[PDB]
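Before any questions on how it binds or moves, here is one chain, the form deposited in one PDB entry, in structure tokens.
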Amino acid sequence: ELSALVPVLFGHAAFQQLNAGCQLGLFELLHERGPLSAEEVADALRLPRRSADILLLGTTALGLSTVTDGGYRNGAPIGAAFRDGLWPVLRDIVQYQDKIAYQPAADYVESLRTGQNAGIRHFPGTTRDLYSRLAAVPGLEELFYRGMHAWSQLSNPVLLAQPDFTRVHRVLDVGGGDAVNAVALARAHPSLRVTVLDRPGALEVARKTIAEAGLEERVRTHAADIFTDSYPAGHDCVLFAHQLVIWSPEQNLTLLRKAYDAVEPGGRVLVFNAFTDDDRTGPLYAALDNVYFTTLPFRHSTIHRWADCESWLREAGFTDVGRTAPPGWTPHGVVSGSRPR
């Protein structure tokens, strides 16, 4: 049936309805004051009535809102976000899609065909990875880590629940960005110390996250290039969070070997990110989020299969290699291994 083409042929428009729903304050409004009529929505949102009608038609047909005798409410996929304390997280992730992902996504066909991250051209600069370009635009690094922070809040419950974190003591957070996961881990397991290793630009943001959490004594930053610099010794566990998806298999094996060398004997390596199913059928989230990785971060970036990741861990010399499957609707999991005593 051809009808299945509708959410795909108009997929960009479907995203724009959610985008508009968020930016214009519709979902917050319906949460607090629903049911509301179309006129009431137009008055509260200070929109022309035609505009309100267009938005409401879009969100209602998508199931993001419901209408009942002319009265509008949040649909359950939106209500769920508010229920689970995730509305600011979803809001910030949609802003990321809008400000970072959407326009470079137009360069997807070219990026596939040329094997480049072509969409990076929408960001001023000359280097070939997104992260080293963030400093070129005032406020851009902060905007980026706001989104990345929210992405991690969404995805890291599987990380925080990892059994290793009730055994390990000292965690090296490689490319740990703004310390979102370091702080979450520190709060979840109070005996952990964590070192957040990243570029100076990112650690500038990480310091604010750590200070706000009041965790200066348990979470520290460390400026280093993940490829060209030595990792700090004395760590019990090496964490790659939302990191190996950026690089080639060849590059990841290099990083996992550095991890092996740096982790103490008996220690753990943990790879936390989205994963592609080994049968290459999905999940849908990963298959679609690949458009971002194909177009922006780096010319090799992609959401790798579980099995390929486990393969790299063994080749790096880790033993007892395995995986923890997603507990929910996102495709995030953990691949883990041990350095032999």
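For every residue, the number given is its place in the sequence shown, counted from 1.
- Stretches 331-339 and 3-11 differ in mean CA B factor, with 331-339 having the higher one.
- Mean C-alpha B-factor is higher over 66-74 than over the other stretch, the pair under comparison being 291-299 and 66-74.
- Per the PDB record, 259 has a higher Cα B-factor than any other of 148, 259, 94, 245.
- Per the PDB record, 219 has a higher Cα B-factor than any other of 219, 106, 112, 101.
- Sort the modelled residues of the chain by CA B factor and residue 128 lands in the middle third.
- Annotation for residue 46: CA B-factor lies in the highest third of the chain's modelled residues.
- Residue 312: CA B factor lies in the highest third for its chain, per the PDB record.
- Ranked by Cα temperature factor within the chain, residue 234 sits in the highest third according to the deposited record.
- When all modelled residues of the chain are sorted by CA temperature factor, residue 206 is found within the middle third.
Only in words, not in the display: the form deposited in another entry, which the text now covers.
- The candidate at the hinge, the spot where one rigid part hands over to the other between this form and the one not shown, is 156 among 243, 262, 156, 169.
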